[PDB]
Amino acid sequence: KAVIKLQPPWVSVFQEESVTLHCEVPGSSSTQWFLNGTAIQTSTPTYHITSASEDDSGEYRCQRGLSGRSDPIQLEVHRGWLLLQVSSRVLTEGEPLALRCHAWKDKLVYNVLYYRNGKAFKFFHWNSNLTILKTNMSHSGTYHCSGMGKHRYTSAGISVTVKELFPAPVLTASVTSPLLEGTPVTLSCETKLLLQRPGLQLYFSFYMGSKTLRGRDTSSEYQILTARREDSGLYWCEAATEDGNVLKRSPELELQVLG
């Protein structure tokens, strides 16, 4: 399925502003646009809103040539002094989020505050945006901002959700410590996907102390064929996405092997 890109990337815009939606994937210039589950009478791979209005607010989806239908982007068009713009309303952990305290008519505000759930968390003398390069669930919340122009003005709140993909793993062993020399032991890097991600596999690696035991591989198990005394130590693992955007480690487990 396709992917909609916004230029500028803000999902919330003021009345009369412009934004260009880009339907992206090679090939066919015959794009179908959907606004609110419903096709639109233009069909370039770019949809330009020249001067935003309440009629542009809603759910956008796109189909180009032969691909599937984008996941939907919700564009909202507002009136107000200050708008807390975000690059996405719903993200998976690992993905970046940009936030902007945007003044009406591009007017100047200074001493800007960003808030999450009613609590200010960042102050700038000069109006700057915020980027969280690697979100996680704890960045979920209702964001707003305030800034000083001729007076102090405050934006309305906007809800952002960041979804956990998999909890941090737990390293387990197939036998209770201490175990006898010669015993086989299987270590397992245990976690589970929290979201349906059809072709998605996690990759696992195993450590003893700071030492690499086995590098990144699709197996979540590591076999010690015949335990020896020298295997006594602390064991842990990492679980990652294929591309390493989410990478989490386990606590260390104490494993003792007796002679």
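A residue's number is simply how far along the shown sequence it sits, counting from 1.
A chain break between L247 and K248 is not present, all residues of the deposited sequence in that interval being modelled.
Looking at 131-139 and 144-152 together, the entry lists the larger mean B-factor for 131-139, computed on C-alpha atoms.
With 223-231 and 192-200 compared on mean CA B-factor from the PDB entry, the stretch scoring higher is 192-200. The PDB entry assigns the greatest CA B-factor among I73, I158, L165, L99 to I73.
Sorting the modelled residues of the chain by their CA temperature factor places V11 in the middle third. Ranked by C-alpha B-factor against the other modelled residues of its chain, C62 falls in the highest third. When all modelled residues of the chain are sorted by CA temperature factor, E238 is found within the lowest third. Among all modelled residues in this chain, the alpha-carbon of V257 has a temperature factor (C-alpha) in the middle third.
Sort the modelled residues of the chain by CA B factor and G118 lands in the middle third.
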